[PDB]
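Asks: This is the content of final_7.csv (CSV, C-alpha atoms and all ligand atoms):
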```csv
chain,number,residue,atom,x,y,z
A,10,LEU,CA,0.0,0.0,0.0
A,11,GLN,CA,3.0,2.4,-0.4
A,12,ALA,CA,1.3,3.8,-3.5
A,13,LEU,CA,-1.3,5.5,-1.2
A,14,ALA,CA,1.2,7.9,0.3
A,15,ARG,CA,2.1,8.9,-3.3
A,16,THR,CA,-1.5,9.6,-4.5
A,17,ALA,CA,-2.9,11.1,-1.3
A,18,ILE,CA,-5.2,14.1,-2.2
A,19,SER,CA,-4.2,15.9,1.0
A,20,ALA,CA,-0.9,16.4,2.9
A,21,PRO,CA,-0.8,16.2,6.7
A,22,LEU,CA,-1.9,19.6,8.1
A,23,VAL,CA,0.9,19.3,10.7
A,24,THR,CA,3.7,16.8,11.0
A,25,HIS,CA,5.4,17.7,14.3
A,26,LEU,CA,2.8,15.9,16.3
A,27,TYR,CA,0.2,13.2,15.6
A,28,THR,CA,-3.4,14.5,15.3
A,29,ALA,CA,-6.7,12.8,14.8
A,30,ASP,CA,-10.5,13.4,14.9
A,31,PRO,CA,-10.4,17.0,13.6
A,32,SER,CA,-13.3,19.3,14.6
A,33,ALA,CA,-13.1,22.5,12.5
A,34,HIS,CA,-14.9,25.7,13.3
A,35,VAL,CA,-14.8,29.3,12.1
A,36,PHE,CA,-14.4,31.4,15.2
A,37,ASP,CA,-13.4,35.0,15.4
A,38,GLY,CA,-12.6,35.2,11.7
A,39,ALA,CA,-10.3,32.3,11.5
A,40,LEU,CA,-10.4,28.5,11.1
A,41,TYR,CA,-9.8,26.8,14.4
A,42,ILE,CA,-9.3,23.0,14.6
A,43,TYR,CA,-9.8,20.9,17.7
A,44,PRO,CA,-8.3,17.5,17.2
A,45,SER,CA,-7.1,14.6,19.4
A,46,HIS,CA,-3.4,14.3,20.0
A,47,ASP,CA,-1.9,10.8,19.5
A,48,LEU,CA,1.1,10.0,21.7
A,49,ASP,CA,3.9,7.8,20.5
A,60,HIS,CA,-3.0,2.1,21.9
A,61,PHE,CA,-5.3,5.1,22.2
A,62,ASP,CA,-4.0,6.6,25.4
A,63,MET,CA,-4.3,10.3,24.5
A,64,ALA,CA,-4.0,12.7,27.4
A,65,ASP,CA,-4.2,16.3,26.0
A,66,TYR,CA,-5.6,18.6,23.4
A,67,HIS,CA,-3.9,21.2,21.1
A,68,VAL,CA,-5.7,23.8,19.1
A,69,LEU,CA,-4.6,24.6,15.6
A,70,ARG,CA,-5.4,27.6,13.5
A,71,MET,CA,-5.5,28.6,9.8
A,72,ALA,CA,-5.7,32.4,9.5
A,73,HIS,CA,-7.3,32.4,6.1
A,74,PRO,CA,-8.0,29.7,2.9
A,75,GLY,CA,-4.6,28.4,2.0
A,76,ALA,CA,-2.7,29.5,5.1
A,77,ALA,CA,0.0,27.6,6.9
A,78,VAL,CA,-1.4,25.8,10.0
A,79,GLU,CA,-0.4,27.2,13.4
A,80,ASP,CA,-0.1,24.9,16.4
A,81,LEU,CA,-1.3,27.2,19.3
A,82,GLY,CA,-0.1,24.6,21.8
A,83,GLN,CA,-1.6,22.4,24.5
A,84,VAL,CA,-4.8,23.8,25.9
A,85,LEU,CA,-6.1,21.0,28.2
A,86,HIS,CA,-4.5,18.0,29.8
A,87,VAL,CA,-6.4,15.1,31.6
A,88,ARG,CA,-4.5,15.9,34.8
A,89,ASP,CA,-6.5,19.1,35.0
A,90,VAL,CA,-9.8,17.2,34.6
A,91,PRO,CA,-10.7,16.0,38.1
A,92,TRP,CA,-13.4,13.5,37.0
A,93,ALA,CA,-11.3,11.8,34.2
A,94,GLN,CA,-8.4,9.4,34.4
A,95,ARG,CA,-7.5,8.7,30.8
A,96,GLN,CA,-8.2,8.6,27.1
A,97,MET,CA,-9.0,12.1,26.0
A,98,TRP,CA,-10.7,11.2,22.7
A,99,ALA,CA,-12.3,13.1,19.8
A,100,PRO,CA,-13.2,16.6,21.0
A,101,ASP,CA,-15.3,19.5,19.7
A,102,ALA,CA,-15.8,23.2,20.4
A,103,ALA,CA,-18.6,25.8,20.6
A,104,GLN,CA,-18.9,29.5,21.2
A,105,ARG,CA,-21.6,31.4,23.1
A,106,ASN,CA,-21.7,34.7,25.1
A,107,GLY,CA,-18.1,35.4,24.2
A,108,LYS,CA,-16.9,32.1,25.8
A,109,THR,CA,-15.4,29.2,24.0
A,110,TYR,CA,-16.3,25.7,25.2
A,111,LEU,CA,-14.2,22.6,24.6
A,112,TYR,CA,-16.3,19.4,24.7
A,113,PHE,CA,-14.4,16.2,25.1
A,114,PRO,CA,-14.9,12.5,25.8
A,115,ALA,CA,-12.7,10.9,28.5
A,116,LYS,CA,-12.7,7.9,30.7
A,117,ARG,CA,-13.5,7.9,34.5
A,118,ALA,CA,-11.4,5.8,36.9
A,119,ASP,CA,-14.3,3.3,36.9
A,120,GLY,CA,-13.8,2.7,33.2
A,121,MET,CA,-16.8,4.6,31.9
A,122,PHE,CA,-16.6,7.2,29.1
A,123,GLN,CA,-18.5,10.4,29.6
A,124,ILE,CA,-18.4,13.8,28.0
A,125,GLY,CA,-17.1,16.9,29.9
A,126,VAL,CA,-16.5,20.5,29.0
A,127,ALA,CA,-13.9,23.1,29.6
A,128,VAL,CA,-14.4,26.9,29.4
A,129,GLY,CA,-12.2,29.6,28.0
A,130,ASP,CA,-12.4,33.3,27.1
A,131,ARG,CA,-10.7,32.8,23.7
A,132,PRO,CA,-10.9,29.9,20.6
A,133,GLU,CA,-7.3,29.1,21.7
A,134,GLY,CA,-7.8,28.8,25.4
A,135,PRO,CA,-6.4,28.3,28.0
A,136,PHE,CA,-9.5,26.2,29.0
A,137,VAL,CA,-10.6,25.4,32.5
A,138,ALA,CA,-12.2,22.0,32.8
A,139,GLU,CA,-15.4,21.6,34.8
A,140,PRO,CA,-14.9,19.3,37.8
A,141,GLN,CA,-17.6,16.8,36.8
A,142,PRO,CA,-18.7,15.6,33.4
A,143,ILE,CA,-21.9,16.8,31.7
A,144,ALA,CA,-24.8,15.0,33.4
A,145,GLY,CA,-26.8,12.9,31.0
A,146,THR,CA,-23.9,12.2,28.7
A,147,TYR,CA,-22.0,8.9,28.2
A,148,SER,CA,-20.0,7.2,25.4
A,149,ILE,CA,-17.8,9.4,23.2
A,150,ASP,CA,-17.3,11.7,20.2
A,151,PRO,CA,-19.2,14.9,21.0
A,152,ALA,CA,-20.2,17.2,18.2
A,153,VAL,CA,-21.9,20.5,19.0
A,154,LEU,CA,-24.1,22.1,16.3
A,155,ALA,CA,-24.5,25.8,16.4
A,156,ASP,CA,-27.9,25.9,14.7
A,157,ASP,CA,-28.6,28.9,12.5
A,158,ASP,CA,-31.6,29.7,14.8
A,159,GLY,CA,-29.4,30.3,17.8
A,160,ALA,CA,-29.8,26.9,19.5
A,161,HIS,CA,-26.8,24.5,20.2
A,162,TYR,CA,-27.3,20.8,20.1
A,163,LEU,CA,-24.9,18.2,21.4
A,164,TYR,CA,-24.6,14.9,19.4
A,165,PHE,CA,-22.6,12.0,20.7
A,166,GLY,CA,-22.0,8.3,20.6
A,167,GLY,CA,-19.7,5.5,19.5
A,168,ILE,CA,-20.1,1.7,19.8
A,169,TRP,CA,-17.4,-0.9,20.4
A,170,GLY,CA,-14.8,0.9,22.5
A,171,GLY,CA,-17.1,3.9,22.7
A,172,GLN,CA,-19.5,1.9,24.9
A,173,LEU,CA,-22.8,3.3,23.4
A,174,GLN,CA,-24.0,-0.3,23.1
A,175,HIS,CA,-24.3,-0.5,26.9
A,176,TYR,CA,-27.0,2.2,27.0
A,177,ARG,CA,-30.7,2.3,26.3
A,178,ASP,CA,-32.8,5.4,26.9
A,179,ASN,CA,-29.8,7.0,28.6
A,180,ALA,CA,-29.4,4.2,31.1
A,181,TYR,CA,-26.4,2.0,31.5
A,182,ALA,CA,-26.6,-1.8,32.0
A,183,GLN,CA,-23.9,-4.4,32.0
A,184,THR,CA,-26.1,-6.7,29.9
A,185,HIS,CA,-27.0,-4.1,27.3
A,186,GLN,CA,-25.1,-5.2,24.2
A,187,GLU,CA,-24.9,-4.2,20.6
A,188,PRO,CA,-28.1,-5.1,18.7
A,189,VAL,CA,-27.8,-7.8,16.0
A,190,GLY,CA,-29.5,-9.0,12.9
A,191,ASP,CA,-32.9,-7.3,12.0
A,192,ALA,CA,-32.9,-5.2,15.1
A,193,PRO,CA,-32.5,-1.5,14.4
A,194,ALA,CA,-28.9,-0.4,14.7
A,195,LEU,CA,-28.1,2.1,17.5
A,196,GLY,CA,-27.8,5.7,16.4
A,197,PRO,CA,-26.1,8.7,17.9
A,198,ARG,CA,-27.7,10.7,20.8
A,199,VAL,CA,-28.8,14.3,20.6
A,200,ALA,CA,-29.7,16.9,23.2
A,201,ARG,CA,-30.3,20.6,23.0
A,202,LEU,CA,-27.7,22.3,25.2
A,203,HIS,CA,-28.8,24.7,28.0
A,204,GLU,CA,-27.9,28.4,27.3
A,205,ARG,CA,-25.2,28.0,29.9
A,206,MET,CA,-23.6,25.4,27.5
A,207,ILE,CA,-22.1,23.2,30.2
A,208,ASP,CA,-25.4,21.4,30.9
A,209,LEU,CA,-28.0,19.6,28.7
A,210,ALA,CA,-31.4,21.3,28.3
A,211,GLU,CA,-33.1,17.9,28.0
A,212,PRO,CA,-32.3,14.2,28.3
A,213,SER,CA,-30.7,13.0,25.0
A,214,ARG,CA,-32.8,11.3,22.3
A,215,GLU,CA,-32.0,8.6,19.8
A,216,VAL,CA,-31.2,9.9,16.4
A,217,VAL,CA,-32.8,7.6,13.9
A,218,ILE,CA,-31.2,6.9,10.5
A,219,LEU,CA,-33.5,5.5,7.8
A,220,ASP,CA,-32.9,3.6,4.6
A,221,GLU,CA,-34.3,4.8,1.3
A,222,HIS,CA,-37.6,3.0,2.1
A,223,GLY,CA,-38.1,4.9,5.4
A,224,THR,CA,-36.9,1.9,7.5
A,225,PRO,CA,-34.4,2.3,10.3
A,226,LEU,CA,-31.0,0.8,9.4
A,227,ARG,CA,-30.4,-2.7,10.6
A,228,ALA,CA,-27.8,-3.7,13.1
A,229,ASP,CA,-26.4,-6.2,10.6
A,230,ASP,CA,-26.0,-3.4,7.9
A,231,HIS,CA,-22.4,-2.4,8.7
A,232,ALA,CA,-22.0,-0.7,5.4
A,233,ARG,CA,-24.4,2.0,6.5
A,234,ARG,CA,-25.3,1.9,10.2
A,235,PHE,CA,-23.8,4.4,12.6
A,236,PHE,CA,-20.6,3.5,14.4
A,237,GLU,CA,-19.2,6.7,15.8
A,238,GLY,CA,-18.2,10.3,15.3
A,239,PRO,CA,-21.4,12.1,14.4
A,240,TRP,CA,-21.2,15.5,12.8
A,241,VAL,CA,-24.0,17.8,11.7
A,242,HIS,CA,-23.9,20.7,9.3
A,243,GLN,CA,-26.6,22.8,7.7
A,244,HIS,CA,-26.9,23.4,4.0
A,245,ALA,CA,-29.7,24.5,1.7
A,246,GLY,CA,-32.3,24.3,4.5
A,247,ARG,CA,-31.6,20.8,5.6
A,248,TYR,CA,-29.4,19.1,8.2
A,249,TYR,CA,-26.6,16.7,7.2
A,250,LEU,CA,-25.6,14.1,9.7
A,251,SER,CA,-22.4,12.4,8.8
A,252,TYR,CA,-20.5,9.7,10.7
A,253,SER,CA,-18.0,6.8,10.7
A,254,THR,CA,-19.2,3.3,9.9
A,255,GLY,CA,-16.2,1.8,11.7
A,256,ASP,CA,-15.6,-1.8,10.4
A,257,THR,CA,-16.5,-0.8,6.9
A,258,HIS,CA,-14.3,2.3,7.1
A,259,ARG,CA,-16.6,4.9,5.5
A,260,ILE,CA,-17.8,8.3,6.4
A,261,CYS,CA,-21.5,8.2,5.4
A,262,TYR,CA,-24.1,10.9,5.6
A,263,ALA,CA,-27.8,11.2,5.9
A,264,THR,CA,-30.2,14.2,5.7
A,265,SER,CA,-33.2,15.6,7.7
A,266,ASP,CA,-35.4,18.7,7.9
A,267,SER,CA,-34.8,18.6,11.7
A,268,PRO,CA,-31.7,18.5,13.9
A,269,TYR,CA,-33.5,15.7,15.8
A,270,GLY,CA,-34.0,13.6,12.7
A,271,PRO,CA,-35.0,11.2,11.5
A,272,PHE,CA,-32.2,11.3,8.9
A,273,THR,CA,-32.5,9.5,5.6
A,274,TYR,CA,-29.3,7.7,4.5
A,275,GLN,CA,-27.8,9.3,1.4
A,276,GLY,CA,-24.4,7.7,0.7
A,277,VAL,CA,-20.7,7.6,1.3
A,278,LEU,CA,-18.9,10.9,1.8
A,279,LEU,CA,-15.4,9.6,2.4
A,280,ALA,CA,-14.0,6.3,1.1
A,281,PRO,CA,-11.7,4.3,3.3
A,282,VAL,CA,-8.5,5.8,4.7
A,283,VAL,CA,-5.1,4.3,5.8
A,284,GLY,CA,-5.3,3.1,9.4
A,285,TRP,CA,-8.4,1.5,10.9
A,286,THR,CA,-10.3,4.6,12.2
A,287,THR,CA,-11.8,7.3,10.2
A,288,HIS,CA,-13.1,10.5,11.7
A,289,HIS,CA,-14.1,13.9,10.3
A,290,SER,CA,-15.8,17.2,10.3
A,291,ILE,CA,-17.4,19.4,7.7
A,292,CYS,CA,-16.9,23.2,7.9
A,293,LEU,CA,-17.6,26.2,5.7
A,294,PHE,CA,-14.7,28.7,5.4
A,295,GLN,CA,-15.3,31.7,3.3
A,296,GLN,CA,-16.4,30.5,-0.2
A,297,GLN,CA,-15.9,26.8,0.3
A,298,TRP,CA,-17.0,23.7,2.3
A,299,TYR,CA,-14.2,21.6,3.5
A,300,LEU,CA,-14.0,18.0,4.7
A,301,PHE,CA,-11.5,17.5,7.6
A,302,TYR,CA,-10.4,13.9,8.1
A,303,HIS,CA,-7.4,11.8,9.2
A,304,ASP,CA,-5.3,8.9,8.2
A,305,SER,CA,-2.2,7.0,9.3
A,306,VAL,CA,0.1,7.6,6.3
A,307,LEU,CA,2.5,9.9,8.3
A,308,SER,CA,3.2,7.2,10.8
A,309,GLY,CA,3.7,4.6,8.1
A,310,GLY,CA,0.2,3.0,8.5
A,311,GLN,CA,0.0,2.8,12.3
A,312,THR,CA,-3.7,2.9,13.3
A,313,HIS,CA,-3.0,4.7,16.6
A,314,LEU,CA,-0.8,7.5,15.1
A,315,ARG,CA,-2.7,9.7,12.8
A,316,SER,CA,-2.5,13.0,11.0
A,317,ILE,CA,-5.4,15.3,10.2
A,318,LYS,CA,-6.1,16.4,6.6
A,319,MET,CA,-8.5,18.5,4.7
A,320,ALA,CA,-10.1,18.4,1.2
A,321,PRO,CA,-12.6,20.7,-0.5
A,322,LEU,CA,-16.1,19.4,-0.4
A,323,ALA,CA,-19.0,20.1,-2.8
A,324,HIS,CA,-22.8,19.8,-2.5
A,325,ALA,CA,-24.4,19.0,-5.8
A,326,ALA,CA,-27.5,20.9,-7.1
A,327,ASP,CA,-29.7,18.0,-5.8
A,328,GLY,CA,-28.2,18.3,-2.3
A,329,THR,CA,-26.0,15.2,-2.5
A,330,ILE,CA,-22.3,15.2,-1.7
A,331,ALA,CA,-20.0,13.2,-4.0
A,332,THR,CA,-17.7,10.6,-2.5
A,333,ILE,CA,-14.2,11.9,-1.7
A,334,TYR,CA,-11.5,9.4,-2.4
A,335,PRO,CA,-8.5,10.2,-0.2
A,336,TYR,CA,-5.9,8.5,-2.4
A,337,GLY,CA,-7.7,9.1,-5.7
A,338,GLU,CA,-10.6,7.0,-7.1
A,339,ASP,CA,-8.2,4.7,-9.0
A,340,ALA,CA,-6.2,3.8,-5.9
A,341,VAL,CA,-6.3,0.4,-4.3
A,342,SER,CA,-8.5,0.8,-1.2
A,343,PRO,CA,-6.7,0.3,2.1
A,344,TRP,CA,-9.9,-1.6,3.3
B,401,CA,CA,-15.9,14.4,16.1
```
Please express the file's structure as structure tokens.
Replies:
Amino acid sequence: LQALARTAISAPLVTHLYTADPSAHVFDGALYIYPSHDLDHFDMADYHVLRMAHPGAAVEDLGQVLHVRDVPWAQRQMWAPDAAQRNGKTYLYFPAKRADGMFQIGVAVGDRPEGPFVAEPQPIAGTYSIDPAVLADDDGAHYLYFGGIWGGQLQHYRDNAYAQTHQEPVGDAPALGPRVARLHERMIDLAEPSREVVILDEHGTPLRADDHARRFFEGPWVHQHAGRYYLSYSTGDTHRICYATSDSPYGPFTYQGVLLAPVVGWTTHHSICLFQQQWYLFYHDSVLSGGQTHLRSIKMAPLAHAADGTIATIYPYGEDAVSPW
């Protein structure tokens, strides 16, 4: 697979550290990226913030802005984060693991996009599992999406309650979807208990647990375009970013297709962000590290919505490349 490094459509945004799970936002007139920081096993411990001043600019590492040692409730595994702004504050949302082994989502508050961020002493009540994404709705509301199965533990929850015997559904049972909750105006609490986000097939039927090509695995992201909501996410063991659409941030979302073909390294994770004239897909892969799943680099590619609202598949090493998966 050494050909893939040669025909990659994107270079690593930074190479002096390993980065993953990019959440891109335009805050205060610039592009800010909030990724995970892979350490040279997914044992990440801290977050950096990166910035691009304008379209085409060199990427700045603004340095470390939060470390798990400053998060009283969390012991380890600072995974895919996100950020939001409200009332002149910037909020850093992040999944991390408690000493008792459970993932939950917490938040840290700062006065600027680049921090420093001060972590709340407890996680956000009502959250669990991983991969937060916070949608700043055009109407002023903020919504928190989250969830990931397998290592993300979402499969142990139903209706927001944990049980040891809750497992991943199988067969004809509906696959699990991400969770969503409107955030409180104070941003560090939910305004409501989270709800299931339902993803439907083209016939209006919820996706099956045994449909691993399409069913939700982790890393939800929502963006607005042309009066609809786009939910996009990783399918995990089939290595796709897929997307689905709805007239509501709550769904249900109807499956549309594959947004990003498989990348090098087992995980795939992304965000979609509008910057000046252009939509961009931010994603990651493991080429920098020579194909090591746990050492990634974030990347970006331009993204286009078609007249009919669809998004064409992005092929990270070219459409003619041998797929890494
Ligand atoms: Ca994410």
Asks: Show me which residues line ligand CA 401 (chain B), defined as having an atom within 7 Å of a ligand atom where all atoms listed in the file count, and present them as a compact mmCIF listing (two decimals) with C-alpha atoms, in the coordinates of the input.
Replies:
```txt
# COMPACT_ATOMS: atom_id res chain seq x y z
CA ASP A 30 -10.50 13.40 14.90
CA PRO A 31 -10.40 17.00 13.60
CA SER A 32 -13.30 19.30 14.60
CA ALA A 99 -12.30 13.10 19.80
CA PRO A 100 -13.20 16.60 21.00
CA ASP A 101 -15.30 19.50 19.70
CA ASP A 150 -17.30 11.70 20.20
CA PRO A 151 -19.20 14.90 21.00
CA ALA A 152 -20.20 17.20 18.20
CA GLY A 238 -18.20 10.30 15.30
CA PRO A 239 -21.40 12.10 14.40
CA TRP A 240 -21.20 15.50 12.80
CA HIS A 288 -13.10 10.50 11.70
CA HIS A 289 -14.10 13.90 10.30
CA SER A 290 -15.80 17.20 10.30
```
Asks: Residues near residue 191 (chain A), anyone? I mean within 9 Å using all atoms listed in the file, not counting same-chain ones fewer than 4 positions away, as a PyMOL selection string.
Replies: chain A and resi 226-230
Asks: For residue 79 (chain A), which residue among A:98, A:40, A:61, A:158 is the nearest when counting only C-alpha atoms?
Replies: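 Of all the options, A:40 lies closest to residue 79 (chain A).
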Asks: Between CA of residue 118 (chain A) and CA of residue 94 (chain A), what is the distance in Å, rounded to a tenth?
Replies: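 Going from CA of residue 118 (chain A) over to CA of residue 94 (chain A), I get 5.3 Å.
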Asks: Using only C-alpha atoms and a cutoff of 12 Å, can you tell me which residues are near (-8.5, 17.9, 25.2) in the file's coordinates, and write them out as a PyMOL selection string?
Replies: chain A and resi 28-32+42-47+63-68+82-90+93+95-102+110-115+124-128+133-138+150-151
Asks: Looking at A:25, A:258, A:222, A:198, which one is nearest to residue 307 (chain A), with distances taken over all atoms listed in the file?
Replies: A:25
Asks: Of the candidates A:178, A:130, A:157, A:221, which shows the shortest atom-to-atom distance to residue 274 (chain A), using all atoms listed in the file?
Replies: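 Looking only at the distances to residue 274 (chain A), the closest residue turns out to be A:221.
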Asks: Work out how far apart CA of residue 324 (chain A) and CA of residue 302 (chain A) are and give it in Å to one decimal.
Replies: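 Calculated distance between CA of residue 324 (chain A) and CA of residue 302 (chain A) is 17.3 Å.
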Asks: Take CA of residue 216 (chain A) and CA of residue 330 (chain A) and report the distance between them in Å, one decimal.
Replies: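 It comes out at 20.9 Å.
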Asks: Would you kindly identify which residues have an atom no farther than 12 Å from (-16.8, 29.8, -0.9), using all atoms listed in the file and the file's own coordinates, and write them out as an MDAnalysis selection string?
Replies: chainID A and resid 74 292:299 321:324
